[PDB]
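Just the one chain here, the form deposited in one PDB entry, laid out as structure tokens.
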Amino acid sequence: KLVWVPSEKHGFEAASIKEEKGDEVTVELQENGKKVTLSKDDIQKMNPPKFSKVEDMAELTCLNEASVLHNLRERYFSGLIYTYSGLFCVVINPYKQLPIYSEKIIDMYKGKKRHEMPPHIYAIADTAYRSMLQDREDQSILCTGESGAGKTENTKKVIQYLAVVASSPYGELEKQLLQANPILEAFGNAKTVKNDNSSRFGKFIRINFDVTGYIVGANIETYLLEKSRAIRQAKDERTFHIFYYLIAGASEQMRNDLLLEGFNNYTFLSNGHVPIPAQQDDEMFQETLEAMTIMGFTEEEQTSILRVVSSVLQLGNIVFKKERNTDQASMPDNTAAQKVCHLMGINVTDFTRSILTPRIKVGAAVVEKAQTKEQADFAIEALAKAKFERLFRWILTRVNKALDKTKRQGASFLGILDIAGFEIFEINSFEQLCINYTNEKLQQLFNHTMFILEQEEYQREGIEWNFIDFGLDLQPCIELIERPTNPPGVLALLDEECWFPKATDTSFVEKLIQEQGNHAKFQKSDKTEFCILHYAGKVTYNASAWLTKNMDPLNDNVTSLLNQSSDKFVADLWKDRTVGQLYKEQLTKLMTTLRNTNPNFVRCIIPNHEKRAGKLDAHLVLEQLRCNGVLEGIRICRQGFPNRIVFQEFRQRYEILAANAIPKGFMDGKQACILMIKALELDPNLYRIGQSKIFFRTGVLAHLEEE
């Protein structure tokens, strides 16, 4: 008489019913005999043992959070990370290597229907691929989840799968495609508390095909590079990989050429050398040079890149003091400035004059004011950030030029999306507002997609669709952020506070409270703080330095020197309105791309916060299924007809417990079923007859596996 009950340890737990009393129930925990008294409302029905480790949970005959968790947990400990759940897929990071990604296995999935194999990322990629050919439509695979859940690893498996089955030992273009992420990760990833290879940018990879299905080219867009990581890092964390690769792996020749000087010598490396376990930075340096070489980067190109990486570190070694009894910046030591100008190809005394005494065009004459130590420090830091962002964008453009070399744009594409999930931190700033905004758009596309798929299924069968679009809940919160006028949203207000002469951050928070103080998803929280109610939680924002972040100011004098650098590469980097405005445009264009594809969702789940293999943290998993919408899904299909079965199938399964309903001889499938149902005296509120299937409530079909 086993049942599921809430457990503070395990999330849910097996228990046997021992006593009832109206709405009360007394139960016996199956693990330790302990007695527990609950409301009948807290009890969840258990599925029969024939569904153990079921590969598609839509097949479950009792849809509830407890039964879902159990199935995911059971498969996981048998080393089975992939599970289907009706209209989307779920993946629990194993935190160890599995024998499931070989060349053999790739060939086994070629051509297969999702349900003819065990669930795998390969099968999502293959089915998306066949649909591209068969329907002449563009496809997308979206990989989502917390830091460390496994989005980047699954993205890379879809690339390596496609480069194998849609090739035209690989061939030049596919060899280069498989090198793109190794290059981008060296420059865009960093060791973080949650992930030793954290993506500090979002990316969307477009792969282009023929009418025939042959890979013809590819293109990559990146989003939200964490520029500021180049300047300072939190406890236990590293900057981008490339800085440790170069310092640890440079030849003696290179060490000299690029004025390199070791781990403890760089203000921009906050924690000096910190190791990544099971990787050595010198070996990694070698993999990264090899990848750039396969990509077609000339030796001089590779060296110019590394010269820039080095100069970013040098900028950080400049020190400004003040003149006696003033605030005016002075540069008593000259050495850092000399080394960096050497690497940047400009003139150290013009560079100095630019930082300390900028000429400012101001109409009625040219003001040449001296800068405070605070001002010169900010300028140098803005410059190192801008310098590195430009370097990443340059590497991205040249990766793209090597990958779109054939000038053929193909017939179709398959896009792969790899962007950070919704996460709440101790501090939530402008960059988190943008990430959390992006996930409002993405989660809405998900609710909407499920909505359209359901509505079409109901339409083709008769029955009876009375829900409004599932994605509409997210609209008020989206509108609070992105609305131009009427009431202007957070972004628009920011953009306006920026053209205000004597505005502060807190000035902005106050105008916000004024115009959105009573918006449904707003809440006043400290004087730069405010809250927004997102799909997955209340988030506290701190608006400190947002005015500056929206504007992203640089010293235009030194910027001008670098535009005329005597080094051709640095010159190219510097070959040339708000940060909020620009990002909104980037996100508008991405959503437009996605809405015009057939999307496949891959929900990545992190098992624990300790990077451990074979340990599942129940409440951590449940919280993640909540952010995803997986639990809204269970609730919504609970209020519907979760079990749906074709006539022919209903016949040859329950003719056992209903043999005498159907007379001997041929009969139409709907006819036979109607008889089987009348022969069941089933309450007409618990089923619906469709064109090809019967639609059952939960868990009407469970009731029949016995009685």
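When you see a residue number, it is the position in the sequence shown, counting from 1. Between two forms, the rigid core is the largest collection of C-alphas that superpose within 1.5 Å.
What comes next is about the form deposited in another entry, which is not displayed.
A.B. asks: Which single residue of 342, 393, 511, 255, after superposing the core, moves its CA by 2 Å or more between this form and the one not shown?
C.D. replies: Comparing the C-alpha positions, the one residue that moves 2 Å or more is 511.
A.B. asks: Does residue 50 show a Cα shift reaching 2 Å between this form and the one not shown after rigid-core superposition?
C.D. replies: Where the cores coincide, residue 50 shows only a C-alpha shift between this form and the one not shown that is less than 2 Å.
A.B. asks: After superposing the rigid core, is the C-alpha displacement of residue 535 2 Å or more between this form and the one not shown?
C.D. replies: After core superposition, the C-alpha of residue 535 moves 2 Å or more between this form and the one not shown.
A.B. asks: With both forms fitted on the core, give yes or no for whether the Cα of residue 488 moves by 2 angstroms or more between this form and the one not shown.
C.D. replies: Shift at residue 488: 2 Å or more after core fit.
A.B. asks: Residue 65 and residue 695: do their C-alpha atoms lie closer or farther in the other entry than in the form you see, with a change of 3 Å or more?
C.D. replies: Note: Cα gap between residue 65 and residue 695 widens in the other entry.
A.B. asks: Having a change of 3 Å or more in the C-alpha distance between residue 456 and residue 55, I'd like to know whether it is closer or farther in the other entry than in the form here.
C.D. replies: Relative to this form, farther apart in the other entry.
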